[PDB]
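Residue-level structural notes
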Amino acid sequence: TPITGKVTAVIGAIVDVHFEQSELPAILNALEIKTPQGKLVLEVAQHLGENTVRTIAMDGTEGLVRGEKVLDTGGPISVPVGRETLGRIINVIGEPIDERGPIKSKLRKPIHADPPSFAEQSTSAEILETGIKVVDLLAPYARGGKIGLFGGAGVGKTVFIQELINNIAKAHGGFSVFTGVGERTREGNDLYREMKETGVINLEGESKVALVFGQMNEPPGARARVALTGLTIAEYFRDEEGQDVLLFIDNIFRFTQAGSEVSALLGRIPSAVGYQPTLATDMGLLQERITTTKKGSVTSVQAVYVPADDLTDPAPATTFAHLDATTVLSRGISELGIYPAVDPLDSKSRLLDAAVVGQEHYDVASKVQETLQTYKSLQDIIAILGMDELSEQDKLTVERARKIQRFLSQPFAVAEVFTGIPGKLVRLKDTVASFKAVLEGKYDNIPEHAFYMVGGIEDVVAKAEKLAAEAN
Amino acid sequence: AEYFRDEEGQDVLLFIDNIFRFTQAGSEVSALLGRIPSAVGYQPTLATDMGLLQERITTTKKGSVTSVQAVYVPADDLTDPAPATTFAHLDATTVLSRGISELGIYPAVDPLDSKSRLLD
Amino acid sequence: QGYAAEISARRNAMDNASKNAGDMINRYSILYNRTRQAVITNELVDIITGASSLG
Amino acid sequence: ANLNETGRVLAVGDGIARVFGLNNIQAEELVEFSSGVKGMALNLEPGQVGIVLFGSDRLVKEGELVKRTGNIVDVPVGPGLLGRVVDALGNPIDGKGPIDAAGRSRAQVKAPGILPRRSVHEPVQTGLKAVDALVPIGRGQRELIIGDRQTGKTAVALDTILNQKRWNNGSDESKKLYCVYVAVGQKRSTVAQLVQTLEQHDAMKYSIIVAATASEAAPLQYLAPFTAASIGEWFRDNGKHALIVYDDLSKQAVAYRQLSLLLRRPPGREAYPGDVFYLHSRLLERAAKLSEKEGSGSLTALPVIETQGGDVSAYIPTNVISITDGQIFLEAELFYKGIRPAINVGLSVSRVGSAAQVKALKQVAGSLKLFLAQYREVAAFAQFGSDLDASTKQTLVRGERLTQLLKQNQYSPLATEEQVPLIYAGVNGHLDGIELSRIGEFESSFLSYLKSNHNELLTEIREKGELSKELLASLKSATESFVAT
Amino acid sequence: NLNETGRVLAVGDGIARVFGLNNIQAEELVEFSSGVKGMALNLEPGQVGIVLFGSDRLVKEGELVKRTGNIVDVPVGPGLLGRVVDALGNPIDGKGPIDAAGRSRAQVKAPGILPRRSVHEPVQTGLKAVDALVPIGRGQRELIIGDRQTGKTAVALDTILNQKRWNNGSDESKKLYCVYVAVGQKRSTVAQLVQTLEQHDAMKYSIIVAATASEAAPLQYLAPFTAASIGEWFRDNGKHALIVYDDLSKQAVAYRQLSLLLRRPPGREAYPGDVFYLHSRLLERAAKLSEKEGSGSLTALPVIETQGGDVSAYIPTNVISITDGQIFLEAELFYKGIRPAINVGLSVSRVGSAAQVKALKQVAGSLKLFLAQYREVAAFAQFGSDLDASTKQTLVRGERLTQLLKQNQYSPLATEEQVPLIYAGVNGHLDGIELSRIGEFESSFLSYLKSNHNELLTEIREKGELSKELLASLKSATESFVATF
Amino acid sequence: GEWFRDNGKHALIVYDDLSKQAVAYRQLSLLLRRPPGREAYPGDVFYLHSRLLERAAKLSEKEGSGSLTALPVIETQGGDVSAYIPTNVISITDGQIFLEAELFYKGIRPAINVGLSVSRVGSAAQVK
Ligand SMILES: Nc1ncnc2c1ncn2[C@@H]1O[C@H](COP(=O)(O)OP(=O)(O)OP(=O)(O)O)[C@@H](O)[C@H]1O
Ligand SMILES: Nc1ncnc2c1ncn2[C@@H]1O[C@H](COP(=O)(O)OP(=O)(O)OP(=O)(O)O)[C@@H](O)[C@H]1O
Ligand SMILES: Nc1ncnc2c1ncn2[C@@H]1O[C@H](COP(=O)(O)OP(=O)(O)O)[C@@H](O)[C@H]1O
Ligand SMILES: [Mg+2]
Ligand SMILES: [Mg+2]
Ligand SMILES: [Mg+2]
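Sequence positions are given from 1 along each chain as written, possibly unlike the numbering in the entry, and residues without coordinates are left off. All chains are assigned letters beginning at A, and all ligands numbers beginning at 1, according to the order in which they are written. All values in this entry refer to the displayed chains, which constitute part of a larger assembly. Excluding hydrogens and water, the side-chain values take into account all heavy atoms of the structure.

The deposited coordinates, according to the entry record, derive from X-ray crystallography at 3.432 Å resolution.

**Structural notes on the arrangement of the chains**
Sorting the nine pairs of chains in contact by contact count puts chains A and D at the top. Residue contacts follow a heavy-atom distance rule, with two residues in contact if any of their heavy atoms lie within 4.5 Å. The two partners chain D and chain F share no contact, and the minimum distance between any of their C-alpha atoms is 14 Å. A gap remains between chain E and chain F, which never touch, and the nearest two C-alpha atoms on either side lie 13 Å apart.

**Re the site of ligand 2**
For this purpose, a residue is taken to be near a molecule or strand whenever a single non-hydrogen atom of the residue falls within 4 Å of it. Taken together, A:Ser349, A:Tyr362, E:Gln149, E:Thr150, E:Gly151, E:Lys152, E:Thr153, E:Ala154, E:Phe334, E:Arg339, E:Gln407 and E:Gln409 are the residues near ligand 2. Around ligand 2, the nearby residues trace back to chains A and E. E:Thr153 places a side-chain nitrogen or oxygen 2.8 Å from an oxygen atom of ligand 2. Think of a polar contact as two N or O atoms within 3.5 Å of one another; within protein, one of them needs to be a possible hydrogen donor and the other a possible acceptor, and neighboring residues in sequence only count if both atoms come from side chains. Separating an oxygen atom of ligand 2 from a backbone N or O atom of E:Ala154 is a distance of 3.3 Å.

**A few points about the interface of chain D and chain A**
Counting from both sides, the interface comprises 68 residues of chain D and, opposite them, 66 residues of chain A. A combined buried area of about 5800 Å² lies between chain D and chain A, and 53% of that area is made up of carbon and sulfur atoms. For salt bridges, the criterion is a side-chain nitrogen of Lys or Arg within 4 Å of an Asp or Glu carboxyl oxygen. Inspection of the region where chain D meets chain A yields five salt bridges. For the salt bridge of A:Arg186 with D:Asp325, the shortest nitrogen-to-oxygen distance reads 2.7 Å. Inspection of the chain D/chain A interface yields 24 residue pairs in polar contact. Comment: elements are numbered from the N terminus, with helices defined as DSSP H or I runs of at least four residues and strands as E runs of at least two. Listing elements by their share of the side of chain D that touches chain A, those giving two or more residues are β4 (38-45), α7 (276-284), α8 (315-321), α11 (368-379) and α12 (390-406) of chain D. The dominant element in the side of chain D that touches chain A, judged by the number of residues it contributes, is α11(D), at seven residues. Buried area: the sum, over both parts, of the accessible surface (1.4 Å probe) that disappears when the two are put together.

**Observations concerning helix α3 (residues 185-197) of chain A**
All names here are of chain A. Taking 1.5 Å of rise per residue, the 13 residues of α3 would be expected to cover 18 Å, and the 19 Å separating its terminal C-alpha atoms lies within 8% of that figure. Restricting attention to buried positions, one finds in α3 the residues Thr-185, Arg-186, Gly-188, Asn-189, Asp-190, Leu-191, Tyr-192 and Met-195. Residues of α3 that are buried make contact with β8 (89-91), β13 (175-181) and β14 (209-214). In the stretch just after α3, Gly-199 is the one whose phi turns positive, near 90°. By definition here, a helix of n residues has an expected span of 1.5 Å times n minus one. A simple rule labels every residue: compare its accessible area, found with a 1.4 Å probe on the protein chains alone, to the largest value its type can have, and call it buried under 20%, exposed over 50%, or partly exposed in between.

**Here's the deal with the environment of A:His47**
Structurally, A:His47 is set in strand β4 (residues 39-49). Of the residues examined, A:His47 reaches a relative accessible area of 2% and is grouped as buried. With 347 residues separating them in the primary sequence, A:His47 and A:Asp394 have C-alpha atoms 66 Å apart. A:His47 has contacts with A:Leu24, A:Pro25, A:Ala26, A:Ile27, A:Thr52, A:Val53, E:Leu9, E:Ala10, E:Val11, E:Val59, E:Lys60 and E:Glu61, leaving out every residue within four places of it along the chain.

**Focus: the interface of chain C and chain A**
On the side of chain A, five residues touch chain C, which itself brings five residues to the contact. Across the interface of chain C and chain A, roughly 460 Å² is buried in total on both sides, 64% from carbon and sulfur atoms. Viewed at the interface, chain A and chain C are joined by zero salt bridges. Scanning the region where chain C abuts chain A turns up zero residue pairs in polar contact. The nonpolar class holds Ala, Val, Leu, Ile, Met, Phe, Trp, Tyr, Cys and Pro. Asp, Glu, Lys and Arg form the charged class, and all remaining residues, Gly among them, are polar. Tallied by class, the residues present in the side of chain C that touches chain A amount to three nonpolar, two polar and no charged.

**Details of the site of ligand 3**
Lining the immediate environment of ligand 3, one finds 13 residues, of which A:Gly154, A:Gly156, A:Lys157, A:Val159 and A:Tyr339 sit closest. At ligand 3, the nearby residues belong to more than one chain, namely chains A and D. In the environment of ligand 3, an oxygen atom lies 3.1 Å from a nitrogen or oxygen atom belonging to the backbone of A:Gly154. In this structure, D:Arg351 approaches ligand 3 through a side-chain N or O atom, which is 3.2 Å from an oxygen atom. In these tables, accessible area is a Shrake-Rupley quantity obtained with a 1.4 Å probe, and a residue counts as shielded only by the protein chains included in the view. A total of 560 Å² of accessible area belongs to ligand 3 in isolation, and the protein chains cover 93% of it. When residues of the shell around ligand 3 are traced back to their parent elements, those giving at least two are α2 (158-167) and α13 (416-419) of chain A. Residue classes in the shell around ligand 3 are distributed as six nonpolar, five polar and two charged.

**A few points about the environment of E:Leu367**
Residue and element names in this part refer to chain E. Structurally, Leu-367 can be placed in helix α11 (residues 367-380). Look at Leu-367 and you get buried, because its relative accessible area is 7%. Separated by 29 residues in the primary sequence, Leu-367 and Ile-338 place their C-alpha atoms 17 Å from one another. Not counting residues up to four positions away in its chain, the partners in contact with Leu-367 are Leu-133, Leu-401, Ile-422 and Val-426.

**Re the pattern of salt bridges**
Counting across every chain of the model gives 78 salt bridges over all chains. A salt bridge links D:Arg269 to A:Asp313; its shortest N-O distance comes to 2.5 Å. Residue D:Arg269 is found in the loop between α6 (249-262) and α7, and its partner A:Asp313 is found in the loop between β16 (298-303) and α7 (314-317); the two belong to separate chains. By relative accessible area, which is 24% here, D:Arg269 ends up partly exposed.

**Topic: the domain arrangement of chain D**
Residue and element names in this part refer to chain D. All the domain ranges listed were derived from an automatic or database domain assignment. Here chain D is described as being made up of domain 1 (1-71), domain 2 (72-357) and domain 3 (358-485). Computed over C-alpha atoms, the centres of domain 2 and domain 3 are 31 Å apart. Contacts between the two partners involve 26 residues from domain 2 and, on the opposite side, 24 residues from domain 3. When the two sides are added together, the surface that domain 2 and domain 3 hide from each other amounts to roughly 2100 Å², 56% of it contributed by carbon and sulfur. On the domain 2 side of the interface with domain 3, the three residues burying the most area are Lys-129, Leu-134 and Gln-357, jointly 31% of the side's total. Summed over the shared surface of domain 2 and domain 3, the number is one salt bridge. With a shortest N-O distance of 3.6 Å, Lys-129 and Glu-443 are connected by a salt bridge. The tally of links from domain 2 across to domain 3 stands at eight residue pairs in polar contact. Counting residues per element, the ones that place at least two in the side of domain 2 that touches domain 3 are α1 (131-134) and α2 (154-163). It is α2 that provides the largest number of residues to the side of domain 2 that touches domain 3, a total of five residues.

Shown next as structure tokens:
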């Protein structure tokens, strides 16, 4: 006999369900409601008491009538897992949304699951070459590690990832899981085109990556669970298959944003800034599941949104602690025309150590920072007085610094439609020698413009020569 | 004023001094009612109230009403809601500087600050 | 003669400095507003949250 | 006394009403009171129901009668709305007789799925050179228009509408682009005069106007964008192209934060509720390019946001930027220096422009955006008076010429064919030699030179829309020869 | 019936309102039918508020509840050494049951006013910048405040590593056991930290308490208190302990969560009124005991996380007021090359020289005062004016002293190696050496003494002071080396 | 003081200080659970001082020519005249005698900032 109930209240994405029977479904369970359009899935949140429960809608609640019959599922929202998900677009609920038939999977695990034991934790210090100068030189990413891409609106968080997928997903060899949380529905479609053209996802053939979407257009309940859906699929290939997986998430912020919309209706006392009291935990349970274990390795590239360009915001500020590498983009750098707008100062990693990237690499990097730092500390003076007031030693460091900054920029193959310049992939080996050569003062004759949007160090001298013929 | 606009159809002038205390008034009223305070402390309903006064002042087919209301800038800040909202309806501004009347110029209207949205 | 050339340059130096520093003031003065308003709205939120406490 | 389709008012105030009854009502369902005022069941509780008031609470008395509509709030949609001015409900406010609607659509529609979509690739000439060169707009794109008070935010959207007349009067359909302006929180006169300008330019024939004045209740301003959206969605599904402009969304959120605060909701940043994002989110998503199976229709949106003191770091602004596919900031400073439109290339952006830009412009304008970005950095760094080298000085001379070339008067839309030539000269440097005060007269004199002489080039770029390796040479020899004289 | 049992009325968000339990105590441990334990914080006639240590998807309305009859306590004793336990004190490293000698409560009264001793015992941190400027003392609590990614943990970590110099010894009164308390950190990090301790054979005298973010809020809240009881143990048995909290900033966030959820009115920024009392009754628990008590002691190194360098914040100010000084760490100094980036200007020690080593006390007397003059001269030479002999002399030395203080992580330096370096600095033997030379100079000079003048190092070590004779030899050993090369 | 005013005389009343008064009133209002406004001051706080200062004036010849002068004292927090309470008072009064600690230290005592100190009545009430 199926357990059945009736609706008692419907406020926004929050519906209160009541059960006549004395058996109530636990928390985190699913529910379904019959509609002309299809079926509406609910998720238990808390037991208000009096055989009444509070649940979170997974889709629009328009049309719901009080006292309507509600059927119980008997288990937390589950989603198909296995190689059968690859080359298929799965919804937050766990159903195909690409119109290509149902995912005939072997097993179906729930989106809710407990984080790996402390004893199961495995640490690694292996470098991961991306080809990005400002990264492989300053804050290199680690294999099966956690990646974070902070930044305000329109700084370059996705475009940054797209490049990472154009350079790692291809020569990877394992599986990939892309999950768009609260993002432009359009970017998902164009992303689908790319996977097909590149051949990563072949309809007739096989694929190397699974697509899970909980776009912003979708209500808060979905924007809250989608992240869990995508993660369940990837933790499968981790333990069950024990194979390297690349977990791409964008954007992870929507996870807490979507939860702060309902926290109010749930009857929780708003913490400072409006965010729900349990920000640290929820965000905790998520990040703790996205990690490498003794069964498999997973490299996660999570993009984080920065509200009003404020890094002190509780949302992003609680994200840094869950990352082995942090690459922050300041809109103050992108506006300069410098891309990617990586901020060398704020950017940190755990691999920035001489016992890993080498002694020389450590020294060259440090010198670059100091130089950039000294330019920043005199910035106040520059706007007021100028360089005329700067000392001989200081004035030389500025120019050199400004040369290093411009050099940080790098043409992106994915962003060629913006820069009009063909992509430039630079190896870690050449990048180090490059800056080191600039520090030694072997290119103080070359104009700064020749460092702007340049790939290889050879291309600098090449571009410098081209500017001689253009001078009239 | 609207009476002489719709009845006698005249170009009546309505003087309000000062549009600022009108917003402050609302803020105290909405405060006592229990309504939750918006940004900067002003009332949420501020946006609608302002319109329930400015919109009523317009030129109809019968007559017209020109409003000449003073403006006070809270803490010399134009980012503030009250001023921000007020300027959204203003069409012209006649500034009166001390340095203008100081030169023996009457009225003390400042040519540089005085601007209009019908200067084309 | 080369003294008359220093005063002339120094008179230009401090002219642009007052213009940049001066114009810099009209920029931070705006940040002083948004930051003033932020403190007034934030302090107000705790007052409302402490009173909206029910069961 | 049927407590199933009708109920009694228990209390009223703050623009909310708690009615007792209506056990068979749907969530967010339209309703009507004894006075005739329309409401909406925004929330359902056991023993009572929350209804928002679309009119003044004066008309709502305690203890009145409340009937339900039985259908969610919807607005008349069809081709008969063209040339007609309506409000948030879809009723005529111009007085030209009732609206001829083909159908009725929900006020709250869900955005098209991920599968029934395609990347934008159809250019949308705005008439503005600086625009369709740096940050072009395509059929299905969502270009934001952010800027401070009186900066020319609508001036860019308005000219776009008037430039569409060049294709709306044609025979072909896929070339025509319908327009749907949305005015919320604005003045009566401001909209009335806005309409008049459309009639003078004879652009009202292909344009629909939706009104949500400030005098009108907040909720009207809240539902105005959503309904107005459904009006244009119609053209999309029929395989046609539409263009909707919100002016402005920033006020809406303010109107919504009102009902948000009145209903007692925990305040967020700047007193805006946490669900403020889902507001503009759900609205913009409904603007994209459908697949060929759907009808190859599209819906381009132009949301407008007003900032304070040139602060793009604000809350509302950033929330929109994280949804739209590029922004066109309008700094006030540049607006006073004459530089109009005051487009700040530094913050301007186009996430899908080159993809939906004419190849004729992609060739002549290469790395023009990045150059300008770096231009302001070296220009504002040499404004101290200090002496620089030849490298920085050379880039400083060419930057100034391009900046002045981007300038353009209002109500003066130029054909793509006319824009291509101007950009070419700027990058090459032919303008560099030219005096700075002669850049303006030069543009008007250069166009006449092509029409009077090399007209063939204009006709080629028009149809083809791309510059071959041969036409590229014929063009160079034609400009160089003019620069000398 | 219900005196020892109760039925759950509601449950969610880790909170459970159980009905009954009219003989349960305040802050008493309880057990549900599911197996999950809980803690009672709110005692009311109607119901009892309980917080869950685990997920709440297991508790349901009408479930049975049982009481423990005892206040939440944790196992204590030497057994824990080298083991990694959780809030409650259970093993999480997987190496057998915790063999404890006794069990002490979470909340313990701070030591008496009578049973105290003035701090006189040093705490070799191995960090020159620290042991020279802001010395640590057995019985005090030295704060480590700073922004994210600066080097807060570093300072603490190196300290534990430095203790290997005495813990491998036979003497007890000299050793110093270490208690790391991870709170809010991810299991990934904790795992790597414990890995590093083992790589230095520092895990044998180290106890770790894990309260990762994923765990329930009440665990993160209780973690520090239980962890303190663990360390207090040594303090009572006449041994020395060193506990490090990392970080109390997260703990308050956690404790804030229980309050809000238990529907307890918030103070400022949602933190509970008694948020101060959260850290006050924690830090006071560490202090130096009387000779009658055992001469035992407990040192504390609380860690705080500021935002944007704002020390004027709510939580940080609360702790700065309690701690016996603070080691401020600035991000900006880190890039400049000052590592660890300890801002002397703001970092102080209230115990002062009392805690510092006597030997090192002589060689650096007004050194901190001198570094103050350096920043005074360094800022004034910004003007770009020439400097006389005085202002340049101190500028030369002050610039090198700052370079001498720079020390690499994971590289603790004994006392016998710090004294010599500081000696050659405060005097002026480095003035005549290039800045990029100070680097290798340190290593070279040390290798020099360990080979030739090793007798002196042995006297400084044992004596711990400088005699009239030891200065003579030490003087000549320095000058002789300067002449070399 | 009004007594003197009504009977046709002259009375000077100095409120030292209104700042403390508002704090007291705020306390009552909060304890009584009335809506809290900016800085925890109820909406009627302005109605308080406005209904106090307006009591002092200059009666006409027919009324008795009596008069009541008011010198209210407000304590700012670091020169912040932009605060709530001060803004209310400054808006109602007819001039300020702004005082700065700095001017005090120099020696200028009483430290009356001529630049800010103003009087709307001015010469109207000053000996020729
Ligand atoms: N390219 C231009 N050249 C000269 N003047 C212009 C140009 N663009 C706009 N303007 C002028 O700026 C004035 C302000 O109107 P406009 O609508 O452009 O400002 P706005 O920022 O859109 O205001 P709102 O956002 O409130 O509608 C117009 O009346 C117009 O005359
Ligand atoms: N003495 C040092 N010299 C050079 N680098 C250091 C030193 N100490 C720490 N670092 C570097 O700083 C980075 C972060 O250091 P640390 O772990 O001390 O910061 P933290 O205060 O713990 O920040 P969080 O609390 O977020 O972990 C590490 O990558 C490390 O390599
Ligand atoms: N490597 C890059 N080079 C140049 N521009 C970039 C780069 N990365 C991002 N951008 C800019 O960002 C815009 C797209 O924004 P996006 O990266 O999607 O921002 P978000 O992080 O908000 O998704 C493009 O118009 C592009 O100019
Ligand atoms: Mg993005
Ligand atoms: Mg506009
Ligand atoms: Mg740390």
